[PDB]
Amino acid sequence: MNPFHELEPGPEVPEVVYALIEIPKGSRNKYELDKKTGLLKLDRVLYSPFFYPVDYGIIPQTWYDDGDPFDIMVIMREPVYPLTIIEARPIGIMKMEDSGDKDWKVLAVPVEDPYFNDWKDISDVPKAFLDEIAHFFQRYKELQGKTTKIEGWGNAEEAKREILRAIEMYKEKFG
């Protein structure tokens, strides 16, 4: 069974969504979901000594403008294992373009860690942390000759808007 197709986008969209984690914070290995089988697959080893600064994954049953499931980054104190489901509250969105593709990514916090109880919008995140995430996506494919453009951060309302768009796109492509 392919988790991407079988799980709902979340229990209370768009206030609480499911994040299906593919890459735990601290990994230099970039994993993806195998399209056919739903197994974890190594996509590549990052060409530079950078690590994913957040737990990284996808929202099930979404589709985005770049022709992939919609990506979500979840701030976890202790990283989870790949293929773990996290109930996540979206708090913002990173706007960026990768080789002409709109490759925006939702930023979210776990609902069930009380540490983040007061994080509800992009302004609640330390600025240095946002910069470190943006710098990662700006440079992580530099040695592969790819250029990415970081366009800035959007707030929680914008993230939620985009999640609803992505859910609709999925329904139109597969349903």
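In case it trips you up, residue 1 is the first one in the sequence shown, and so on.
Student: Using the B-factors recorded in the PDB entry, average over the C-alpha atoms of 44 to 52 and of 120 to 128, then report which stretch comes out higher.
Tutor: Comparing averages over the C-alpha atoms only gives 120 to 128.
Student: For the higher mean C-alpha B factor in the entry, choose 138 to 146 or 104 to 112.
Tutor: Result: 138 to 146.
Student: Looking at the C-alpha B-factor values in the deposited entry, which of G26, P60, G38, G57 comes out highest?
Tutor: Highest C-alpha B-factor among the listed residues goes to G38.
Student: Have a look at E151, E22, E15, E162 and flag the one whose Cα has the highest B-factor in the entry.
Tutor: Most elevated C-alpha B-factor of the set, per the entry: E151.
Student: How does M94 rank on Cα B-factor within its chain, lowest, middle or highest third?
Tutor: For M94, whose C-alpha B-factor we compare with every modelled residue in the chain, the answer is the middle third.
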